[PDB]
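Engineer: Let me give you the structure first, and then I'll get to my questions.
Quick note: the coordinates plus some simple rules give every number you see, no bench work behind them. Cβ placement follows ideal geometry from the backbone for every residue including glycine, while neighbour counts extend to all protein chains displayed.
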Amino acid sequence: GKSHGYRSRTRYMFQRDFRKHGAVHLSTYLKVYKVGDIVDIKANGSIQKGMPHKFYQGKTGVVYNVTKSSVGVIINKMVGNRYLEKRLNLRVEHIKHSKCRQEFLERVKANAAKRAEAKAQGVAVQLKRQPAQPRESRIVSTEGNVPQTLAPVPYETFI
Amino acid sequence: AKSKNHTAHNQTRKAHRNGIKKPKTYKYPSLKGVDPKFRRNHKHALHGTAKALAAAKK
Amino acid sequence: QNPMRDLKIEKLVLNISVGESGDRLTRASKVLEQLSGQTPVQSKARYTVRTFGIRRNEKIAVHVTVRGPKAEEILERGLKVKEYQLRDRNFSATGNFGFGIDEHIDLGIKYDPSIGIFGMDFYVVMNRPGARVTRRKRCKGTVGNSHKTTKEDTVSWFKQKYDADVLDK
Amino acid sequence: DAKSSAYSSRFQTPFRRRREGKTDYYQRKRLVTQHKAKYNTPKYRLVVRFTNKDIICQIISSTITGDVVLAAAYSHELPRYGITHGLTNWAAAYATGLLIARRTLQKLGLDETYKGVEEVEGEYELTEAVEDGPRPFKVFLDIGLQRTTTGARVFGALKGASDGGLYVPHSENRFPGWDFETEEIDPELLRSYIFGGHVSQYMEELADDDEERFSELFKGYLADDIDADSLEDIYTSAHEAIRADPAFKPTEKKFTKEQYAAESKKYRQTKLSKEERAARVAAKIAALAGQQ
Amino acid sequence: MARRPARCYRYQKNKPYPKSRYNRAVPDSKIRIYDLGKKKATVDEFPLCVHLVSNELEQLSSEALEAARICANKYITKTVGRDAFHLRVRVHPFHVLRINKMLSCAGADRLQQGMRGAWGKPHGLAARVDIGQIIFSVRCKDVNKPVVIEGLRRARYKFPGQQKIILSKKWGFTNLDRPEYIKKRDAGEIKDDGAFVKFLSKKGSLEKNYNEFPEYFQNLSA
RNA sequence: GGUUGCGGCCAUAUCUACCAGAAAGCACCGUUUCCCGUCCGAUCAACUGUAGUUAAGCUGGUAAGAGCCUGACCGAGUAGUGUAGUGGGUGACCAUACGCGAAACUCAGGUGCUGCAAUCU
RNA sequence: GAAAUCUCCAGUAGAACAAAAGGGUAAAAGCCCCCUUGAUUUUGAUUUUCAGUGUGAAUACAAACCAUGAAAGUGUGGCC
RNA sequence: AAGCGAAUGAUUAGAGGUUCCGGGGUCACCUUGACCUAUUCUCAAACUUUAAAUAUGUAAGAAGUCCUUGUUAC
């Protein structure tokens, strides 16, 4: 028959990276997780208690609960035509701080700095992130750089 | 006799017809499954905050 | 030179590999205890073969290890069985050396009836000060290449000591 | 011997502090971990390390960047307080545990309460929380790799900290004099160990047995001409002083760090740069191939 | 039970299915010898190299490899001698072909269930070849280029697909062209290793390099 | 700057061979009444820094060193791939168009940094 | 004696972990030893199978009482 | 995809190195039985260091940022 066990097709998902086996580096146990923090679940195969299901590997969600050695993470799962709120009780070494969040935080601090600076001088600071605009005009000089010609190579078998 | 056993054809097209909608979260999400020791206190914190506010609000 | 780098006895291990277990092993145990002044331990067979009459946990051998002056005195008191004269082999690629004998009961202690007569193997463990560095619990390390013992180093210690000589073939 | 490239390529080295063998990381996980509902509270560790000729005690709290020290007591600082020789014995380990214990209690301003034991009868008494007051400062004994045994120095520092008013969790199974025929630790025997009782009787026994060992060892006691029965007096003189001024007066620290850096710099080898390395390979090639 | 025509297994329709601990009852390959001629020649003896290269992505049966191997070797050996060349079969038949055997007797429908349980039993071995992948390599002297051309243009007839004969610029079976190989071998950088050569590395322990290529360092001091 | 105690990242730190180390520490080292453990005070436990030693550990340097790390307009825009065509070809497959884009290889460099506390000619 | 027992050296795991395979594990999750019964109670929350039903299995807790440890901790059956 | 002068499994060839766990030819005798070292060819759905493209999770704020002090039996 067909097997749909709790850890099917995890032959590689619950590996330990090359020359990264063994004990977990301790900083993960020293990270601090507050309710509302956005974390992502890279399951660590070394320790098998409180493991996430293979679906949640690489999934990101807010932390709704903080426990003795685990946290409660709310992940959203696509179940048919709608999403469901899944709540996970994960050991603290299966998760890590998403750095996408803190990047937004640092911009937020920057925007407040740019606003407070704009208070005195420099109105219209344009806090918006612009997309990569097309490059404006320029002058390309030719000193030491007379354009060397190029012609397609003849075909040799090379082998 | 024999037929198709499983097919995911048109399942994604069906799913999006009425859209795939997020669960439209809320301020104050439900406090279920969170630690009973935490919640047992969060009540008393809210009880005190209301009494302090009402005393301030006369 | 250096008094620390001086080569010294570490321990002598004294094993009897016996086919069976029982009153033979009880007598073989208490000949080693009266030999070295300390009881030996019965090493057990880790595999069965049906050709040696051995089962697991059978305790088919007794060996004891001795260190210090008592080990010192027992060493020459066995090499005189073959007269402090040994082989170019028997010297490991590490320095540790050993030999074999066949009797102790009437050798250096008073004989008594119901003791049995047993052969047995000497083996000398032979290193240099700083051997806690490889055995201490914390900061356990490895001896250096200059501090490693080797065959030609223990034979020289075997020449300067016991006024002995090698290669009697 | 001459390991294959493949082996040294697939080799996972352990953590550096396991490679040198100093740190047990299996235990450190369950020491420095914290109940996650205690978000940022440090879990202070009482690290007690017994090097030859010195004892190290230090209250350590773990951070992401590493470990920070609250206050560290060593056993080359007891001479300030009266204990001159035997800076490693069981009683001295008790002394330095008391030193760090009082040092932290006066550091955190809890010293006025939590006097530990004023009279020290060497009994198993934890520091009970004083009602209507801040709870006793709680530290956890991280022995390290030292094996736990009944009646050891590392647990001497524990008892010194417990008597110092500091709440170290423990039981009597490891304190010297623990009974196997009953659950009763021997008070007199452990009080002897606090005050050199295991040393004083040995000193006296060698005094009334011979003189060479009593002279080769214990010559420090013979150098200042003190008796084994005087050990209690000098140890109590230590204990009272530690209760008085545990403020950790440092040393004078002569020959300031600028000279210290300069002196060590002139003697330590330097790593050759690229060009001179090429010079020492281009010359080496000619010397090893010079009609050879 | 007879062999099926090669047209049935010509194309690379299935994933690689080698002999493995899953696949224990495989028949042995018909090609067993991959090097022929003076295979112990030094690399200086045979500077010329000519290749039989596939232009298609197909599967070559072990029997085809054997049959072409025989054909090329026999022709070259008869024309220029046994020791005038070194022929190397580059490709190895690791892919196991599977056969579902159908009964061809009257009333077979009763004894055989058609396509039910059709997992074929291991039938033979094949070599998966890609476009531009070398099938045969021959190293010889520049003299016998036409002879090995004919030998290689006589092995092709035994191969399915379209293969082309191309003479190569590399020195023998080495990865480096003629002029800079000669550059190294002139400057003592080359040591014979029976059928191939070792090259001096500008990297590694200087003592081992010195021991193994003394002539290079002597030429540097002259 | 050296060392130690605790560590962070966990080989730029590992591995092999050699060599060096002024002072301080570390270590080796010295002894079994008590605590304690083994067959053995080797381990472990206890005791003195007392007889010494850098021999070793440890630290640092050397290697056209292996390994590891980073980079390369090095391989290579290569393989592969998403999209498109009433493109090619009997087919197998290939080329093109708009995009993304390796890995091995070649070469170059490097070979631990740092936090807390204490200590050091 | 190939292979009985001992000693030393090398040994990134090439062993063992009850049983399939896969993953995990080196002062350990392996081997040897000491102590036990958490393989307990009250229910609830959650993940997988999913209708987000059940069953099964599992995860994190809480309130207890215990075990063990010197402690941190670990333990609500078997490393997954 | 790539990779086996990287692990595991396979694999072709040649070259260099032996214990009294056999020279099979004169008791340690030039004497073919190995494995190891370095190369070489070709591979792998149930091999892999590395590793795409596509598909994929989150975030891009007023339910947010910052300052101050209030409740809790945590």
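Engineer: For the range D:6-156, list log₁₀ I(q)/I(0) at each q in 0.12, 0.20 Å⁻¹, using the Debye formula over Cα point scatterers of equal strength and ignoring solvent, two decimals each.
Structural biologist: Log10 of I(q)/I(0), two decimals: -0.61, -1.46.
Engineer: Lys and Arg at +1, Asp and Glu at -1: add these up for the other residues within a Cβ distance under 10 Å of E:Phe173 and post the number.
Structural biologist: On the way: positive: E:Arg88, E:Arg90, E:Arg139, E:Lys170; negative: none.
The answer is +4.
Engineer: Right, next: Work out the charge dipole of chain D with +1 on the Cβ of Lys and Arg and -1 on the Cβ of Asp and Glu about the Cα centre, then indicate which of D:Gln259, D:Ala2, D:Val117 is farthest towards its positive end.
Structural biologist: Selected residue: D:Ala2.
Engineer: Based on the alpha-carbon gyration tensor of the range E:124-222 and its eigenvalue square roots a ≥ b ≥ c, which shape applies: rounded if a/c is under 1.5, prolate if not and a/b is larger than b/c, or oblate? Please list the in-between numbers first.
Structural biologist: Numbers: a/c = 3.47, a/b = 2.24, b/c = 1.55.
In terms of gyration-tensor shape, prolate.
Engineer: What residues from the range B:12-49 fall in the zone where the backbone N is under 19 Å from a label point 7 Å along the Cα-to-C-beta line of A:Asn81?
Structural biologist: B:12-24
Engineer: Oh, and also: Give the average, rounded to an integer, of partner chain Cβ atoms located within 10 angstrom of each Cβ in D:25-37.
Structural biologist: Values: counts 5, 1, 0, 3, 6, 1, 1, 3, 7, 6, 4, 14, 10.
Rounded to a whole number, the mean comes out at 5.
Engineer: Return one number: the angle in degrees, 0 to 90 and rounded to the nearest 10, between the long axis of the Cα atoms of helix A:99-120 and the longest principal axis of the Cα atoms of chain A.
Structural biologist: The helix A:99-120 is inclined about 50 degrees to chain A.
Engineer: Across peptide A:61-68, what mean number of C-beta atoms from other chains lies inside 10 Å of a residue's C-beta? Spell out each step's value before the answer.
Structural biologist: Numbers: counts 0, 2, 1, 6, 8, 8, 7, 8.
Mean shielding count: 5.
Engineer: Charges at C-beta only: +1 for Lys and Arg, -1 for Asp and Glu. How large is the resulting dipole of the range C:15-67 about its Cα centre, in Debye rounded to 20?
Structural biologist: Working: 10 positive and 4 negative charges, 41 e Å.
The calculated dipole for the range C:15-67 is roughly 200 debye.
Engineer: Going from the alpha-carbon gyration tensor of chain D, what semi-axes, largest first and in whole Å, does one get by taking the root of 5 times each eigenvalue? Provide the component values of the computation, followed by the final result.
Structural biologist: Numbers: eigenvalues 383, 157, 94 Å².
So the equivalent ellipsoid measures 44, 28, 22 Å along its semi-axes.
Engineer: Magnitude of the Cβ-charge dipole of the protein assembly as shown, K/R +1 and D/E -1, about the Cα centre, nearest 20 debye? Can you show the working numbers first?
Structural biologist: Values: 168 positive and 101 negative charges, 2196 e Å.
The calculated dipole for the protein assembly as shown is roughly 10540 debye.
Engineer: From a point 7 Å beyond the Cα of A:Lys42 in the direction of its Cβ, which residues of the range D:1-22 have a backbone N at a distance under 19 Å?
Structural biologist: Under 19 Å, as judged by backbone N against the label point of A:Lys42, lie D:12-13, D:15 of the range D:1-22.
Engineer: Which shape class applies to the range E:75-116: rounded if a/c is under 1.5, otherwise prolate when a/b exceeds b/c and oblate if not, where a ≥ b ≥ c are the square roots of the Cα gyration tensor eigenvalues?
Structural biologist: Working: a/c = 11.53, a/b = 3.16, b/c = 3.65.
It is oblate, given that a/c is not under 1.5 and a/b is not larger than b/c.
Engineer: What is the average number of partner chain Cβ atoms found within 10 Å of a Cβ in A:26-32?
Structural biologist: Numbers: counts 9, 5, 2, 8, 8, 2, 6.
Going residue by residue through A:26-32 and averaging, the value is 6.
Engineer: Here's something else I'd like to know. Please give the calculated 222 nm ellipticity per residue for chain C, where each DSSP H segment of at least 4 residues contributes -39500 (n - 2.57) and the sum is spread over every residue; nearest 500 deg cm²/dmol? Display every interim value, and only then the final one.
Structural biologist: Working: 4 runs with 39 residues, N = 169.
Helix-only estimate at 222 nm: -6500 deg cm²/dmol.
Engineer: Follow-up. Given the alpha-carbon gyration tensor of the range A:78-159, what are the semi-axes of its equivalent ellipsoid in whole angstrom, ordered largest first, with each equal to the square root of 5 times an eigenvalue?
Structural biologist: Working: eigenvalues 436, 236, 44 Å².
Value: 47, 34, 15 Å, ordered largest first.
Engineer: Sticking with this one: Only helical DSSP H runs with n ≥ 4 go in: add -39500 (n - 2.57) per run for chain D, normalise by residue count and round the 222 nm mean residue ellipticity to 500 deg cm²/dmol.
Structural biologist: Values: 12 runs with 118 residues, N = 292.
It comes out at -12000 deg cm²/dmol, rounded to the nearest 500.
Engineer: Still on this structure, please answer the following. May I ask you to derive the FRET efficiency for B:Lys58 and A:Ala113 from their Cβ-Cβ distance with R0 = 35 Å, giving the value to the nearest 0.05? Working shown, then result.
Structural biologist: Numbers: r = 41 Å, r/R0 = 1.16.
Taking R0 as 35 Å, the efficiency between B:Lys58 and A:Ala113 is 0.30.
Engineer: Put a dot 7 Å past each Cα toward the Cβ at A:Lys2 and D:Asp1; how far apart are the dots in nm?
Structural biologist: Reported label-point gap for D:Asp1 and A:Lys2 is 5.8 nm.
Engineer: Let's test this: bin the Cα-Cα distances of chain B at 10 Å from zero up to the farthest pair and state each bin's percent.
Structural biologist: Spelled out bin by bin, chain B gives 15, 21, 19, 15, 14, 10, 5, 2, 0 percent.
Engineer: Hey, could you pull the Cα Rg and Dmax for the range C:1-53, both in Å?
Structural biologist: Considering the range C:1-53 through its Cα atoms, Rg and Dmax are 16.9, 55 Å.
Engineer: Continuing with this model, one more query. Taking every pair of alpha-carbon atoms in the range D:103-237, what share in percent sits in each 5 Å bin, from 0 to the bin with the longest distance?
Structural biologist: Answer for the range D:103-237: a P(r) of 2, 9, 16, 17, 16, 16, 12, 7, 3, 2, 0, 0 percent.
Engineer: Given the peptides C:81-88, A:55-62, arrange them by the average over their residues of other C-beta atoms within 10 Å, most packed first. It would help to have the intermediate numbers written out before the result.
Structural biologist: Values: C:81-88: 13.9, A:55-62: 17.0.
So the peptides C:81-88, A:55-62, ranked by packing, come out A:55-62, C:81-88.
Engineer: Give the whole-number value, in cubic angstrom per residue, of the convex hull volume spanned by the C-alpha atoms of the range E:1-109. Please report the intermediate quantities before stating the final value.
Structural biologist: Numbers: hull volume 18.0 nm³, N = 109.
Cα-based convex hull of the range E:1-109, divided per residue, equals 165 Å³.
Engineer: Rg and Dmax of the range C:1-141 over Cα atoms: what are they, in angstrom?
Structural biologist: Cα radius of gyration and Dmax of the range C:1-141 are 17.1, 55 Å respectively.
Engineer: Additional query: Taking the alpha carbon gyration tensor of chain E, what are the square roots of 5 times its eigenvalues, largest first, to the nearest whole Å? Don't jump to the answer; show the numbers that get you there.
Structural biologist: Numbers: eigenvalues 394, 87, 37 Å².
For chain E, the ellipsoid semi-axes come out as 44, 21, 14 Å.
Engineer: Output the relative contact order of chain D, whole-number percent, from Cα pairs under 8 angstrom with separation of 6+ residues.
Structural biologist: Relative contact order comes out at 16 percent.
Engineer: Under a GNM of chain C (C-alpha, springs under 10 Å), which listed residue has the highest mean-square fluctuation: C:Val49, C:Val155, C:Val143?
Structural biologist: In this elastic network of chain C, the residue with the biggest mean-square fluctuation among C:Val49, C:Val155, C:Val143 is C:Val49.
Engineer: Now, a different point. Once Rh is set to the Kirkwood radius over Cα pairs, what Stokes-Einstein translational diffusion coefficient, in µm²/s, holds for chain A at a temperature of 4 °C and a viscosity of 1.567 mPa s?
Structural biologist: Working: Rh = 21.2 Å.
The Stokes-Einstein estimate is 61 µm²/s.
Engineer: Let me ask another. Which value, in nm² and rounded to one decimal, describes the direction-averaged projected area of the C-alpha convex hull of the range D:176-291? The partial results should precede the final answer.
Structural biologist: Working: hull surface 77.6 nm².
Averaged projected hull area, Cα only: 19.4 nm².
Engineer: With +1 on each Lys and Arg Cβ and -1 on each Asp and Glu Cβ, how big is the dipole of the range D:175-292 about its Cα centre, in debye rounded to the nearest 20?
Structural biologist: Working: 16 positive and 27 negative charges, 581 e Å.
Its charge dipole is roughly 2800 debye.
Engineer: Work out how far the C-alpha atoms of the range C:71-169 reach from end to end along every principal axis, then list the three figures in whole Å, largest first.
Structural biologist: Here the spans come out as 52, 36, 18 Å, largest first.
Engineer: If you don't mind, there's one more thing I want to ask. Toward the positive end of the charge dipole of the range A:1-145, about the Cα centre and with charges on Cβ (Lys, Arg +1; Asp, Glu -1), which of A:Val92, A:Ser3, A:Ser27 goes farthest?
Structural biologist: Farthest along the dipole direction, towards plus: A:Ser3.
Engineer: Show me, bin by bin at 10 Å from 0, the whole-percent P(r) of the range A:1-69 based on Cα pairs.
Structural biologist: 16, 46, 31, 6, 1
Engineer: Which shape class, rounded, prolate or oblate, goes with the range A:95-135 when its Cα gyration tensor gives a ≥ b ≥ c as root eigenvalues, a/c under 1.5 marks rounded, and past that a/b bigger than b/c marks prolate?
Structural biologist: Numbers: a/c = 5.44, a/b = 1.44, b/c = 3.78.
Here the range A:95-135 falls in the oblate category.
Engineer: Another question about this same structure. Can you figure out the FRET efficiency of D:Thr51 with A:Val35, using R₀ = 56 Å and their beta-carbon distance, to the nearest 0.05?
Structural biologist: On the way: r = 45 Å, r/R0 = 0.80.
Calculated value: 0.80.
Engineer: Compute for the range D:10-57: radius of gyration divided by Kirkwood radius, i.e. Rg/Rh, restricted to C-alpha atoms, rounded to two decimals.
Structural biologist: Numbers: Rg = 14.5 Å, Rh = 13.3 Å.
Result for the range D:10-57 is an Rg/Rh of 1.09.
Engineer: Right, another one. Report the FRET efficiency, 1/(1 + (r/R0)^6), for E:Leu206 and D:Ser171, where r is their Cβ-Cβ distance and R0 is 56 Å, rounded to 0.05. Please list the in-between numbers first.
Structural biologist: On the way: r = 63 Å, r/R0 = 1.13.
Taking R0 as 56 Å, the efficiency between E:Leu206 and D:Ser171 is 0.30.
Engineer: Would you mind computing Rg(Cα) / (2.2 N^0.38 Å) for the protein assembly as shown, counting N as its residues? Mind showing how you got there, number by number?
Structural biologist: On the way: Rg = 41.5 Å, N = 900, 2.2 N^0.38 = 29.2 Å.
In units of the globular-protein estimate, the protein assembly as shown measures up at 1.42.
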